[PDB]
Every structure is written in C-alpha cells, then in structure tokens.
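Listing of input33.csv, CSV, C-alpha atoms and all ligand atoms
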chain,number,residue,atom,x,y,z
A,42,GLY,CA,15.2,-11.5,-11.1
A,43,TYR,CA,12.0,-10.8,-9.1
A,44,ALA,CA,9.5,-10.3,-11.9
A,45,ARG,CA,6.6,-12.8,-12.1
A,46,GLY,CA,3.5,-13.2,-14.1
A,47,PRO,CA,2.5,-12.2,-17.6
A,48,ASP,CA,3.3,-9.0,-19.4
A,49,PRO,CA,0.8,-6.4,-18.1
A,50,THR,CA,-1.8,-4.5,-20.1
A,51,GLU,CA,-4.3,-1.9,-19.0
A,52,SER,CA,-7.1,-4.4,-18.9
A,53,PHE,CA,-5.0,-6.9,-16.9
A,54,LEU,CA,-4.2,-4.2,-14.3
A,55,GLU,CA,-7.8,-2.9,-14.1
A,56,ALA,CA,-9.4,-6.4,-13.5
A,57,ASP,CA,-10.6,-7.3,-10.0
A,58,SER,CA,-8.2,-10.2,-9.8
A,59,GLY,CA,-4.6,-10.8,-10.9
A,60,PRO,CA,-3.5,-14.1,-12.4
A,61,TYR,CA,-2.7,-16.1,-9.3
A,62,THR,CA,-5.3,-18.0,-7.3
A,63,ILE,CA,-4.9,-17.2,-3.6
A,64,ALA,CA,-5.4,-18.7,-0.2
A,65,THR,CA,-5.9,-17.2,3.2
A,66,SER,CA,-4.6,-17.8,6.7
A,67,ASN,CA,-6.0,-16.1,9.8
A,68,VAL,CA,-3.6,-14.7,12.4
A,69,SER,CA,-5.0,-14.4,15.9
A,70,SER,CA,-4.8,-11.2,17.9
A,71,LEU,CA,-2.5,-13.1,20.3
A,72,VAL,CA,0.3,-12.3,17.9
A,73,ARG,CA,2.9,-10.0,19.4
A,74,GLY,CA,3.0,-6.4,18.3
A,75,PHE,CA,-0.3,-6.0,16.5
A,76,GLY,CA,-4.0,-7.1,16.6
A,77,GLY,CA,-3.9,-10.1,14.3
A,78,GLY,CA,-4.8,-10.2,10.6
A,79,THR,CA,-5.6,-12.1,7.5
A,80,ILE,CA,-2.7,-13.3,5.2
A,81,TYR,CA,-3.6,-13.5,1.5
A,82,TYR,CA,-1.0,-15.4,-0.6
A,83,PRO,CA,-0.7,-17.0,-4.0
A,84,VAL,CA,-1.1,-20.8,-4.2
A,85,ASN,CA,1.2,-21.7,-7.0
A,86,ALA,CA,4.0,-19.2,-7.0
A,87,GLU,CA,7.6,-20.4,-7.3
A,88,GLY,CA,10.2,-19.0,-5.0
A,89,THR,CA,10.0,-16.0,-2.7
A,90,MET,CA,7.9,-12.9,-3.0
A,91,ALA,CA,7.7,-9.5,-1.5
A,92,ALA,CA,5.5,-9.1,1.6
A,93,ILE,CA,3.1,-6.3,2.2
A,94,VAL,CA,1.1,-5.2,5.3
A,95,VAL,CA,-2.1,-3.2,4.9
A,96,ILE,CA,-3.4,-1.3,7.9
A,97,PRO,CA,-6.6,0.7,8.5
A,98,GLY,CA,-7.2,4.0,10.3
A,99,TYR,CA,-8.7,5.4,13.5
A,100,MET,CA,-11.7,3.6,14.8
A,101,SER,CA,-11.6,1.1,12.0
A,102,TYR,CA,-11.0,-2.6,11.5
A,103,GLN,CA,-9.2,-4.7,8.9
A,104,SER,CA,-12.4,-5.1,6.9
A,105,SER,CA,-12.2,-1.4,5.9
A,106,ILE,CA,-9.1,-2.1,3.7
A,107,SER,CA,-9.7,-5.7,2.7
A,108,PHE,CA,-9.8,-4.9,-1.0
A,109,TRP,CA,-6.0,-4.6,-0.9
A,110,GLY,CA,-5.5,-8.2,0.3
A,111,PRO,CA,-6.7,-10.1,-2.7
A,112,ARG,CA,-5.9,-7.4,-5.2
A,113,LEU,CA,-2.2,-7.4,-4.3
A,114,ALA,CA,-1.9,-11.0,-3.4
A,115,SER,CA,-3.4,-12.2,-6.7
A,116,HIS,CA,-0.5,-10.4,-8.5
A,117,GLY,CA,2.2,-12.4,-6.7
A,118,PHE,CA,2.7,-10.9,-3.2
A,119,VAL,CA,2.2,-12.1,0.4
A,120,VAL,CA,-0.2,-9.6,1.8
A,121,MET,CA,-1.5,-9.3,5.4
A,122,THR,CA,-4.4,-7.0,6.3
A,123,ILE,CA,-4.1,-6.2,10.0
A,124,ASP,CA,-6.0,-5.0,13.0
A,125,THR,CA,-4.3,-2.8,15.5
A,126,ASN,CA,-4.0,-3.4,19.1
A,127,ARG,CA,-6.8,-0.9,19.8
A,128,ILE,CA,-8.8,0.9,17.1
A,129,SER,CA,-8.0,4.2,18.9
A,130,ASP,CA,-4.2,3.7,18.2
A,131,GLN,CA,-2.5,6.8,16.7
A,132,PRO,CA,0.1,6.9,13.9
A,133,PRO,CA,3.2,6.5,16.0
A,134,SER,CA,1.8,3.3,17.5
A,135,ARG,CA,0.5,2.2,14.0
A,136,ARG,CA,4.1,2.6,12.7
A,137,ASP,CA,5.4,0.1,15.3
A,138,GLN,CA,2.6,-2.3,14.5
A,139,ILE,CA,3.3,-2.3,10.8
A,140,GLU,CA,6.9,-3.1,11.6
A,141,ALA,CA,5.9,-5.9,13.9
A,142,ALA,CA,3.5,-7.3,11.3
A,143,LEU,CA,6.2,-7.4,8.6
A,144,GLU,CA,8.6,-9.0,11.1
A,145,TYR,CA,5.9,-11.6,11.7
A,146,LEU,CA,5.6,-12.5,8.0
A,147,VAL,CA,9.4,-12.8,7.7
A,148,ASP,CA,9.5,-15.1,10.7
A,149,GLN,CA,6.6,-17.3,9.6
A,150,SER,CA,8.3,-17.7,6.2
A,151,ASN,CA,11.1,-19.4,8.2
A,152,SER,CA,8.8,-21.6,10.2
A,153,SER,CA,8.1,-25.2,9.2
A,154,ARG,CA,4.6,-24.8,10.8
A,155,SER,CA,3.5,-22.0,8.5
A,156,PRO,CA,1.5,-22.2,5.3
A,157,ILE,CA,3.7,-19.3,4.0
A,158,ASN,CA,6.9,-21.2,4.6
A,159,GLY,CA,9.5,-20.1,2.1
A,160,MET,CA,7.3,-17.5,0.5
A,161,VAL,CA,8.8,-14.2,1.8
A,162,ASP,CA,11.9,-12.4,0.7
A,163,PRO,CA,12.9,-10.4,3.7
A,164,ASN,CA,14.7,-7.9,1.5
A,165,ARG,CA,11.4,-6.8,-0.1
A,166,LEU,CA,8.8,-5.4,2.2
A,167,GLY,CA,6.0,-2.9,1.6
A,168,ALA,CA,3.2,-1.2,3.5
A,169,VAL,CA,-0.2,0.3,2.6
A,170,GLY,CA,-2.1,2.4,5.1
A,171,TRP,CA,-5.4,4.3,5.3
A,172,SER,CA,-5.7,7.6,7.3
A,173,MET,CA,-3.8,7.2,10.6
A,174,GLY,CA,-2.5,3.9,9.2
A,175,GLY,CA,-1.1,5.9,6.3
A,176,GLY,CA,0.6,8.2,8.8
A,177,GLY,CA,2.1,5.1,10.4
A,178,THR,CA,3.2,3.9,7.0
A,179,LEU,CA,4.9,7.2,6.1
A,180,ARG,CA,6.6,7.2,9.6
A,181,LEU,CA,8.0,3.7,8.9
A,182,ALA,CA,9.1,4.8,5.5
A,183,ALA,CA,11.0,7.7,7.2
A,184,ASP,CA,13.2,5.1,8.9
A,185,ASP,CA,13.7,3.2,5.6
A,186,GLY,CA,11.7,0.4,7.3
A,187,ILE,CA,10.1,-0.6,4.0
A,188,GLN,CA,11.1,-0.8,0.3
A,189,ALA,CA,7.7,0.7,-0.9
A,190,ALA,CA,4.9,2.6,0.7
A,191,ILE,CA,1.3,3.5,-0.3
A,192,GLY,CA,-0.7,6.0,1.6
A,193,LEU,CA,-4.5,5.9,1.2
A,194,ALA,CA,-6.0,9.3,2.3
A,195,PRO,CA,-3.2,9.5,4.9
A,196,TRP,CA,-3.5,11.4,8.2
A,197,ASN,CA,-0.6,12.4,10.4
A,198,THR,CA,0.0,15.2,12.9
A,199,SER,CA,2.7,16.8,10.8
A,200,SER,CA,4.5,16.6,7.5
A,201,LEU,CA,7.8,17.6,9.0
A,202,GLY,CA,9.1,14.1,9.8
A,203,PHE,CA,8.7,13.0,6.1
A,204,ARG,CA,11.4,15.3,4.6
A,205,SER,CA,14.0,12.6,4.2
A,206,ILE,CA,11.9,9.6,3.0
A,207,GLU,CA,13.7,7.6,0.3
A,208,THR,CA,11.2,4.7,0.2
A,209,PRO,CA,9.3,4.9,-3.1
A,210,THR,CA,6.0,6.4,-2.0
A,211,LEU,CA,2.6,6.6,-3.7
A,212,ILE,CA,-0.1,8.7,-2.2
A,213,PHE,CA,-3.8,8.4,-3.1
A,214,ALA,CA,-5.5,11.7,-2.1
A,215,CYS,CA,-9.2,11.9,-1.9
A,216,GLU,CA,-10.0,15.4,-3.3
A,217,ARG,CA,-13.0,16.2,-1.1
A,218,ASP,CA,-11.8,14.5,2.1
A,219,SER,CA,-13.0,16.3,5.2
A,220,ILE,CA,-11.4,13.9,7.7
A,221,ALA,CA,-7.8,14.1,6.4
A,222,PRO,CA,-8.2,17.2,4.2
A,223,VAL,CA,-5.7,17.0,1.3
A,224,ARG,CA,-4.4,20.5,1.9
A,225,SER,CA,-3.3,19.6,5.4
A,226,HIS,CA,-2.4,15.9,5.0
A,227,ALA,CA,-1.9,14.1,1.6
A,228,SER,CA,-0.6,17.1,-0.3
A,229,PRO,CA,2.0,18.4,2.2
A,230,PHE,CA,3.1,14.8,2.8
A,231,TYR,CA,3.8,14.3,-0.8
A,232,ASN,CA,5.5,17.7,-1.1
A,233,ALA,CA,7.7,17.0,1.9
A,234,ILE,CA,9.3,13.9,0.4
A,235,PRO,CA,12.6,14.7,-1.4
A,236,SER,CA,12.4,15.3,-5.2
A,237,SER,CA,15.1,12.7,-5.6
A,238,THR,CA,12.8,10.0,-4.2
A,239,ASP,CA,10.5,8.0,-6.5
A,240,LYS,CA,7.1,9.3,-5.6
A,241,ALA,CA,3.6,9.8,-7.1
A,242,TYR,CA,0.4,11.6,-6.1
A,243,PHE,CA,-3.0,10.6,-7.5
A,244,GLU,CA,-5.8,12.8,-6.3
A,245,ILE,CA,-9.2,11.1,-6.9
A,246,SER,CA,-11.8,13.6,-8.2
A,247,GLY,CA,-14.7,14.2,-5.8
A,248,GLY,CA,-13.2,11.6,-3.4
A,249,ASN,CA,-14.5,11.1,0.1
A,250,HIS,CA,-12.2,10.0,2.9
A,251,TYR,CA,-12.8,6.3,2.1
A,252,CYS,CA,-12.2,6.7,-1.6
A,253,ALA,CA,-8.8,4.8,-1.6
A,254,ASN,CA,-10.0,1.9,0.5
A,255,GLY,CA,-11.3,0.0,-2.6
A,256,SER,CA,-14.3,-2.3,-2.9
A,257,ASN,CA,-15.8,0.7,-4.6
A,258,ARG,CA,-16.2,2.6,-7.9
A,259,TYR,CA,-12.4,3.3,-8.0
A,260,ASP,CA,-11.2,-0.3,-7.9
A,261,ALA,CA,-9.8,-0.3,-11.5
A,262,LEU,CA,-7.7,2.8,-10.9
A,263,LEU,CA,-6.7,1.9,-7.4
A,264,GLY,CA,-5.5,-1.5,-8.2
A,265,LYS,CA,-3.9,-0.6,-11.5
A,266,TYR,CA,-1.7,2.1,-9.9
A,267,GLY,CA,-1.2,0.4,-6.6
A,268,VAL,CA,-0.2,-3.0,-8.1
A,269,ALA,CA,2.0,-1.2,-10.6
A,270,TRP,CA,3.7,0.7,-7.8
A,271,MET,CA,4.5,-2.5,-5.8
A,272,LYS,CA,5.6,-4.4,-8.9
A,273,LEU,CA,7.9,-1.6,-10.0
A,274,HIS,CA,9.5,-1.0,-6.6
A,275,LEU,CA,9.3,-4.3,-4.7
A,276,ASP,CA,9.9,-6.6,-7.7
A,277,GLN,CA,12.0,-4.0,-9.7
A,278,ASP,CA,9.7,-5.1,-12.6
A,279,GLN,CA,10.2,-2.4,-15.2
A,280,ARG,CA,7.3,-3.8,-17.3
A,281,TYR,CA,5.0,-1.8,-14.9
A,282,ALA,CA,6.8,1.5,-15.3
A,283,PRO,CA,4.8,2.6,-18.4
A,284,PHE,CA,1.5,2.5,-16.4
A,285,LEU,CA,2.9,5.1,-13.9
A,286,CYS,CA,5.3,7.2,-16.0
A,287,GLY,CA,4.1,8.4,-19.4
A,288,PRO,CA,0.3,8.5,-19.3
A,289,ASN,CA,-1.6,11.8,-19.0
A,290,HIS,CA,-3.3,10.6,-15.9
A,291,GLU,CA,-5.3,13.8,-15.3
A,292,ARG,CA,-7.2,13.2,-18.6
A,293,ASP,CA,-9.1,10.5,-16.6
A,294,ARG,CA,-12.3,12.1,-15.1
A,295,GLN,CA,-11.5,10.2,-11.9
A,296,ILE,CA,-8.1,11.9,-11.4
A,297,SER,CA,-8.2,15.6,-10.5
A,298,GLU,CA,-4.5,16.0,-10.0
A,299,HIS,CA,-1.4,13.9,-10.6
A,300,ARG,CA,2.2,14.7,-9.5
A,301,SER,CA,5.3,12.5,-9.7
A,302,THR,CA,9.1,12.4,-9.9
A,303,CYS,CA,8.9,10.3,-13.1
A,304,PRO,CA,10.9,9.1,-14.9
A,305,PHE,CA,12.1,6.7,-12.1
B,401,CL,CL,0.6,11.6,14.4
B,402,CL,CL,-15.2,12.4,3.6
B,403,NA,NA,-1.5,-8.9,19.6

As structure tokens - that is how I would like this structure written.
Amino acid sequence: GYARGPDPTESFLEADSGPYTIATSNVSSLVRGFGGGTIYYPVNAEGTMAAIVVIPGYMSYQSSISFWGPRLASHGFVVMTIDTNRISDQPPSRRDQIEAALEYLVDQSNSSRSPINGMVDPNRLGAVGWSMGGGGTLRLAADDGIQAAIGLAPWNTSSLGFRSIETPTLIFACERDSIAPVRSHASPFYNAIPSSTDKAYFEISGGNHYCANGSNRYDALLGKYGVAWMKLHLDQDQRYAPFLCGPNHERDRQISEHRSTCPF
C-alpha cells in the first residue's frame, strides 16, 4: 500500500543516499508556529508519502540535525528540518512547534502554490528530535500526535509523562553523553514507554551528546536504523523489519546496548 523503492539490503540502508533524487524548498521564519525550515523531498515519487519534521536542541539551529533531511527524504519521505522560534525554547514549546510544522506540511500539500503539492499523506506523520527537541518529540508522541518518533540523545525534565506512549518510538542513546546523561534521560524515557508499544533503544558506544545528529562516523548505523524505523512504521513496509528485529545489534562495536519490544 505505502511501500516504495527497491527491496532493501544492508548496503542499501548504510549508504549516504537512498534511491530518490531530492529537491529542497526554504520556509521563512515568518511561518506560523515555528522558526522556519528546509523541506527536503523526492523529485520523482508517485503519490503521497509520509511527512517528517526534524528538530534540534537547546541553543542550536537546524544545521545541527541537517543529516536527517537528505537521508530520510532520499528514501521517499517529505522531510522538514526546522528552527525553533528561539534557540532557548524548552521541550514543551518544542512539542508545540513540531506539531505546527507538521500541520504546515499537510497544509502546503493542499496548496496549489506549493512545490510539495499532493506529496503528503496527512495520516502518516513522524518526528525526529535531538536533546530538548527529542523531549518535544516524545511529548508530542504522548498525545499520539505522530505515527512514529525518533529521539536523538533526548533531554526532558521527566520521564513520567511518557508512560502511555503508543507511537512507535526509537531512541538513540549516546553512551558517554554528559549533557543528557543516558541514566537520567534516554534510558528512563525508553523504559517508561509501555512494553506493548513498538519501541527500540540503540546506545552508541562511547557516544558524545552529538553522536546521533549524523554527518559523522555513525552515519551508516544512524541512517540504517532510522530509515528502517520510519519505513516500518510510517509506510507499514515490512521489508524493513528484519533490519530492526532479528540481528544481534550489540555485536557491532558501535552499539553498547540494544533493547526492543521485537517482534513488532
Ligand atoms: Cl521539559
Ligand atoms: Cl558530550
Ligand atoms: Na515563525
């Protein structure tokens, strides 16, 4: 139904680019509800696709998470990397801005003045967030405001609001993070989510707080698991399940811990 692109392999998922060529459109900060952004989208994709917003953390701009724009969009997604209204915004505000940015993509898909006209399926929305942007992403997931969530070294004041999330949620934890220490953020966030929810935890060995932002030594792993997550849950594309459920991920020197509720 929603599956697109060729049958995946490990090499295909590890490559810097997926099989679609992509284009970009800039969104001015004048946009209501967030600080503007960059839309990345496939050029020759038939029909509608899931849409994903990617948000950075405290004191950071869109460029800090830009890897995720081309990496997801080149696999058949409409992906907007955003700025927040202020770089000092906290996770509750970031949650609202992710929601506003997804609404913007849905609305532009219905506008005859948009280059992404007809590209977004409003039923299929995801978010990816780093640090406080990950707290915002998990907060939106707690309302079922998204169909898939990825947290990149997430930071939030508490885990206690996350105990009923049903949104399929992947958390990348950076083992040696001193800004959002895994023991106080990523790990309790993952453990708070119900065991009946599709969820996964990938802790990157030795990882610094920026480890899951990509454009770095972990690109093959980050994109493989992140794309597979969005394919499996936003596209219901079961071809991607074997990359997430089955492998002994911890054998990889880059993965110090893996948890999941596989099989999904
Ligand atoms: Cl918070
Ligand atoms: Cl760090
Ligand atoms: Na704005």

Check the smallest atom-to-atom distance from each of A:243, A:176, A:42, A:137 to residue 279 (chain A) using all atoms listed in the file, then report the winner.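 Between A:243, A:176, A:42, A:137, the residue approaching residue 279 (chain A) most closely is A:42.
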
Give the residues close to ligand NA 403 (chain B), within 10 Å, counting only C-alpha atoms and all ligand atoms; write them as an NGL selection string. :A and (68-78 or 124-127 or 138 or 141-142)

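The nearest approach to residue 204 (chain A) among the residues A:221, A:189, A:182, A:121, with all atoms listed in the file taken into account, belongs to A:182.
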
Separation of CA of residue 217 (chain A) from CA of residue 256 (chain A) in Å: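 We find that CA of residue 256 (chain A) and CA of residue 217 (chain A) lie 18.6 Å from each other.
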
Sort by chain and increasing residue number a table of all residues of chain A within 7 Å of ligand CL 401 (chain B), each with its closest pair of atoms and their distance in Å to one decimal, counting all atoms listed in the file, and write it as a tab-separated table.
residue	atom	partner	partner_atom	distance
A:131	CA	B:CL401	CL	6.2
A:132	CA	B:CL401	CL	4.8
A:133	CA	B:CL401	CL	5.9
A:176	CA	B:CL401	CL	6.6
A:197	CA	B:CL401	CL	4.3
A:198	CA	B:CL401	CL	3.9
A:199	CA	B:CL401	CL	6.7

Can you measure CA of residue 239 (chain A) to CA of residue 253 (chain A) for me? One decimal in Å is fine. 20.2 Å

Nearby residues, ligand CL 402 (chain B), 12 Å, only C-alpha atoms and all ligand atoms, as a PyMOL selection string: chain A and resi 172+194+214-223+247-253

Grab the residues selected above and save them as a PDB file, in the coordinates of the input with C-alpha atoms.
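Here's the written file selection.pdb:
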ATOM      1  CA  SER A 172      -5.700   7.600   7.300  1.00  0.00           C
ATOM      2  CA  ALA A 194      -6.000   9.300   2.300  1.00  0.00           C
ATOM      3  CA  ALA A 214      -5.500  11.700  -2.100  1.00  0.00           C
ATOM      4  CA  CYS A 215      -9.200  11.900  -1.900  1.00  0.00           C
ATOM      5  CA  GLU A 216     -10.000  15.400  -3.300  1.00  0.00           C
ATOM      6  CA  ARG A 217     -13.000  16.200  -1.100  1.00  0.00           C
ATOM      7  CA  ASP A 218     -11.800  14.500   2.100  1.00  0.00           C
ATOM      8  CA  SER A 219     -13.000  16.300   5.200  1.00  0.00           C
ATOM      9  CA  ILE A 220     -11.400  13.900   7.700  1.00  0.00           C
ATOM     10  CA  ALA A 221      -7.800  14.100   6.400  1.00  0.00           C
ATOM     11  CA  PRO A 222      -8.200  17.200   4.200  1.00  0.00           C
ATOM     12  CA  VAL A 223      -5.700  17.000   1.300  1.00  0.00           C
ATOM     13  CA  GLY A 247     -14.700  14.200  -5.800  1.00  0.00           C
ATOM     14  CA  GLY A 248     -13.200  11.600  -3.400  1.00  0.00           C
ATOM     15  CA  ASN A 249     -14.500  11.100   0.100  1.00  0.00           C
ATOM     16  CA  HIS A 250     -12.200  10.000   2.900  1.00  0.00           C
ATOM     17  CA  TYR A 251     -12.800   6.300   2.100  1.00  0.00           C
ATOM     18  CA  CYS A 252     -12.200   6.700  -1.600  1.00  0.00           C
ATOM     19  CA  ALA A 253      -8.800   4.800  -1.600  1.00  0.00           C
TER      20      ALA A 253
END

Have a look at A:168, A:79, A:267, A:89 and name the one nearest to residue 151 (chain A); count all atoms listed in the file. A:89

Compare A:235, A:163, A:195, A:83 by their minimum atom-to-atom distance to residue 177 (chain A), counting all atoms listed in the file, and give me the closest one.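 Of A:235, A:163, A:195, A:83, the one nearest residue 177 (chain A), counting all atoms listed in the file, is A:195.
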
So that I can check the surroundings of residue 57 (chain A), please list as an mmCIF file with C-alpha atoms, in the coordinates of the input every protein, DNA and RNA residue that reaches within 8 Å of it, counting only C-alpha atoms and ignoring chain neighbours fewer than 5 positions away.
data_model
loop_
_atom_site.group_PDB
_atom_site.id
_atom_site.type_symbol
_atom_site.label_atom_id
_atom_site.label_comp_id
_atom_site.auth_asym_id
_atom_site.auth_seq_id
_atom_site.Cartn_x
_atom_site.Cartn_y
_atom_site.Cartn_z
ATOM 1 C CA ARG A 112 -5.900 -7.400 -5.200
ATOM 2 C CA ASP A 260 -11.200 -0.300 -7.900
ATOM 3 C CA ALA A 261 -9.800 -0.300 -11.500
ATOM 4 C CA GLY A 264 -5.500 -1.500 -8.200
#

Rounded to one decimal place, report the CA of residue 208 (chain A)-CA of residue 82 (chain A) distance in Å.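 According to the coordinates, CA of residue 208 (chain A) and CA of residue 82 (chain A) are separated by 23.5 Å.
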
Tell me which of A:296, A:123, A:303, A:147 sits closest to residue 283 (chain A), counting all atoms listed in the file.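 Of A:296, A:123, A:303, A:147, the one nearest residue 283 (chain A) is A:303, counting all atoms listed in the file.
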
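Of the residues under consideration (A:64, A:190, A:262, A:285), A:262 shows the shortest atom-to-atom contact distance to residue 245 (chain A) when counting all atoms listed in the file.
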
Can you tell me, as a list in words, what residues are no more than 8 Å from residue 51 (chain A) when counting all atoms listed in the file, ignoring any on the same chain fewer than 2 positions away?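 Neighbouring residues, sequence-local ones excluded: residues 49, 53, 54, 55, 265 and 284 of chain A.
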
Taking 4 positions as the minimum chain separation for residues in the same chain, which residues sit within 8 Å of residue 140 (chain A) when counting all atoms listed in the file? Answer as a PyMOL selection string. chain A and resi 136+144+181+186

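Here the residues that fall within 10 Å of (4.0, -13.4, -8.3), using all atoms listed in the file, are given as residues 43, 44, 45, 46, 47, 59, 60, 61, 82, 83, 84, 85, 86, 87, 88, 89, 90, 91, 113, 114, 115, 116, 117, 118, 119, 272 and 276 of chain A.
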